[PDB]
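This document opens with one chain alone, in structure tokens, the form deposited in one PDB entry.
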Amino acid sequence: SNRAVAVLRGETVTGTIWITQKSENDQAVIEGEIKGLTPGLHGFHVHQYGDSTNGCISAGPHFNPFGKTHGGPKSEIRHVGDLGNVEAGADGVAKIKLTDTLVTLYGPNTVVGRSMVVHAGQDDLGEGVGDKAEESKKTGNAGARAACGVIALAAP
């Protein structure tokens, strides 16, 4: 099996996210907690780069090795990195428990060394319309990057 962990750092938001995967043929299990969030829904994605020399800016765009448009985790068309929204409760804490069929810790498309990023706003899952449509298909209109962390290899 493989295991990875991202320690999310930000000015006011922080957290720890674990990814475990039994084998290259199994889904990634993504679990952890993020704190300091405003109550409500917050976009959550794997971005292309783990580079934090420019804070969360240097993370680049959503991880998208297959060249798709932005969607939610259940969408037929989505970026590999599209994990949808996490929900923070009244105390500002989001508990995260997800499985994903595109995110992997094995092979050429591994997310190891890349980043996890949580956003200030809610991800529209690529379903935005009108003047929001163009950006919806890139980023889901989730707004500013509140915290980020590098996906690090961990002992299995």
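Definition used throughout: the rigid core is the maximal C-alpha set that superposes within 1.5 Å between two forms. All residue numbers are counted from 1 along the displayed sequence. Residues that one form lacks are left out of the comparison.
The same protein also has a form deposited in another entry, omitted here; what follows describes it.
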*Which listed residue (42, 114, 45, 70) has a Cα shift of at least 2 Å between the shown form and the other one, rigid core superposed?*
70
_Checking residue 60 here: with the core superposed, does its CA move 2 Å or more between the shown form and the other one?_
no
*Large-shift segments between the shown form and the other one, meaning 3+ residue runs whose Cα move 2 Å or more when the rigid core is superposed*: 69-78, 89-92, 139-143
